[PDB]
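Encoded as structure tokens, the following chain is the form deposited in one PDB entry, with no partner shown.
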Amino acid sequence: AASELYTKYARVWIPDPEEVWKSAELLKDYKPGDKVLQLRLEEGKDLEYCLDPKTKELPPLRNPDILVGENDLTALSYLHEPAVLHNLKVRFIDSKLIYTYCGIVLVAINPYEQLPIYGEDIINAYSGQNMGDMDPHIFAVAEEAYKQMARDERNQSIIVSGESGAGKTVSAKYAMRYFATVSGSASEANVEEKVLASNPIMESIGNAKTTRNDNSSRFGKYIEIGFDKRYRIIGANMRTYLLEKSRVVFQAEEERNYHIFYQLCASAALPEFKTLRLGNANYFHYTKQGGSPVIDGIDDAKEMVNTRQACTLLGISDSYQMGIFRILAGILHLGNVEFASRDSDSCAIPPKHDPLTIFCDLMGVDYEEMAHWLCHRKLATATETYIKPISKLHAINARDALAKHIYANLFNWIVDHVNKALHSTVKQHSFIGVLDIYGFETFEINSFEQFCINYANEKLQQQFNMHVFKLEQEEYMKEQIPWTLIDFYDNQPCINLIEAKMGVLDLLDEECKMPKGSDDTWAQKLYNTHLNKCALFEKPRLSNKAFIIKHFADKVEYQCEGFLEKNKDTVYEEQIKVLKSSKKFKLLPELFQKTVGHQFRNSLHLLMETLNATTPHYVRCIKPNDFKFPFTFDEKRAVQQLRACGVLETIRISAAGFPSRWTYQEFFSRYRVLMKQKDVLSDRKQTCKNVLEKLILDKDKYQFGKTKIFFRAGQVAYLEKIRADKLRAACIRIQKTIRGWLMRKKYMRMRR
């Protein structure tokens, strides 16, 4: 922070509610100890701007316009939040450029408009080129991972992050498409076509229209693309995470169930689907709740054709496909099963109830048996078992639990069979893994779902922060500058609060095994253990049923309500046993051959084990507005998203470290003019050291490396300022002499 740069005419950035930052210009020199700055704005003429004492900081300096809007940020004079925001905004709005490099990451801003930059011609253009010779593009990241795989003889990962609607799935699919083209045909087995065909299958069963995205992924996916020893694709393997089971039975206004249900209902009139007895999407309780049966521009019947074609390509026989559709239609009919209450603790299904009759035909089970176990529960004390009736409300909730359980197991069966079709008989030589999973999320009401997502994000952030640190440490070590000068962000204390013994998840599991355990007793256990004893844990001031975690991106308040029930994820065993015992429907029993939190902890650990043994490549997607508008950018939302993916903190760290790095030759050549002839030695490095120690007295501001000088922020700018001063003063001395001479000559002429 160099006060000498804050001279008259110097442009700064100051706070502004609507655009986060706004430009201002100094109308007078800052003198040390000044309490304010004199500034001219764009609108409203002048302003007296108060500088807060104690934390005595001046506003960020604006980069010269000429340096703004490049493909990366490496040539900026000043690196800070306003500079990043401004460079991204200018590239996006003024030039319709959605891709930009920011340090080691590719930033991708969703245009909500089709751009002509993804054709086979462009894939070929990026193939065999250096990233630095090409404009930023998702294809450049894929190409660099492909090349690094062979060059380092190490496996790679592409990690794509962002809010819902930001462009993660689009980016991940373009990366896969790139790999399929440039490293194709390991054989005549059409491997690449098969890997690509997994996309429409997974999107039909795992994506849904939400308010934020018409094609929202309601699961996380890691796909490991396998290569042989000549770096040709030989197949893939997929893992999935955090499937949103609740969507099967509930939708908020304007939202749909999973796409496949609407593909099926739109195909209700197909002869092959006669026995499914399907109505349209408004006929079923499980698809009608949002009041949004159709998505603008999507033809669900035509998508069904595409889904079936993909299934056939991946070796799912016609009869297994029909089985999948029988089970999906069964789930829909199950949702239309109605209960009539008898009293406060008992219910019944009406005689000859068509939805149950159809469900039982489709599932190959007996109406009598299913009806009974939809309206009764089997309990079990230590000594004996017994059967009790249940209330209509409890029957409804148990019925929905069954529907969710069926769907989740069908989903897993399809993933498994996709993996079988994409499996290589010869073990892969290497791989590139592509991860497309929920970004950090927080809403007014946060529950178990958000908690698991934000936990995954702390782990992924930790990998990112440690990767950046290792790269930085290597730069300092090569220059023999102490690597202990490097700062980094530590996610481990948050992670410990979540996953260690006595942490949030461990306490949840312990409360779940207590008969009298509840959301309320769990909340008190959290407080007893962590309140006032972990700086990252807080209790809301007006609630005894919620807790706050300080995550990397923000504080998040979670409501305890439903945490135990969601962790347990109970389904009535007797209902499942009926389906399992289906006698002549082969697929159904195949679906049913630890708490949710414990299973998620284990699966996340296995993902990180895989990812930590790769070299990661990061793509940070940004959703620039909340309404799917073409090329429309909101600064506040953009900055929020740059915080939520760790970019603002990375930039802060880099800027506060030693961002300027000059060879001694570069330094001597530029700043020789600042040196007295007496100080110039034959040893140029020794000269630079001697001179710099006199020009900048504070030794905190630079470090002498083996080949380079490292400078903190503002130091090169200061040297540029005093260099310009030196040149200006020397020039004025020559000018005044020449003006004198010119006038002496003119005066001799008029004399004569």
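Residues carry their position along the shown sequence, with the first being 1.
Note that the form solved in complex with a partner chain isn't included here; everything after this is about it.
Asker: For the three residues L196, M202 and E449, verify that every one has a non-hydrogen atom within 4.5 Å of the partner chain in the bound PDB entry; reply yes or no.
Answerer: So, no: the whole triplet misses the partner chain.
Asker: Counting non-hydrogen atoms within 4.5 angstroms of the partner chain in the bound PDB entry, say which of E565, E510, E369, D626 makes the cut.
Answerer: Comparing distances to the partner chain in the bound PDB entry, the residue within 4.5 Å is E510.
Asker: Go through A75, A380, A535, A613 and name the one with a heavy atom inside 4.5 Å of the partner chain in the bound PDB entry.
Answerer: After the contact test, the surviving option is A380.
Asker: Quick one: which of 628-636, 512-520, 294-302, 647-655 gets within 4.5 Å of the partner chain in the bound PDB entry, going by heavy atoms?
Answerer: Of the options given, it is 512-520.
Asker: Given that the partner is absent here, does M502 sit within 4.5 Å of the partner chain in the bound PDB entry, heavy atoms only?
Answerer: Yes - in the bound PDB entry, heavy atoms of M502 and the partner chain come within 4.5 Å of each other.
Asker: I'd like to check something about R541: if you look in the bound PDB entry, is any of its heavy atoms closer than or equal to 4.5 Å to a heavy atom of the partner chain?
Answerer: No - in the bound PDB entry, heavy atoms of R541 and the partner chain never come within 4.5 Å of each other.
Asker: Taking the partner chain as it sits in the bound PDB entry, is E192 near enough to touch it, meaning that at least one heavy atom pair lies within 4.5 angstroms?
Answerer: Heavy-atom contact with the partner chain at 4.5 Å: absent for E192.
Asker: Would you please decide whether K388 lies within 4.5 angstroms of the partner chain in the bound PDB entry, comparing each non-hydrogen atom pair?
Answerer: Contact check for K388: yes, within 4.5 Å of the partner chain in the bound PDB entry.
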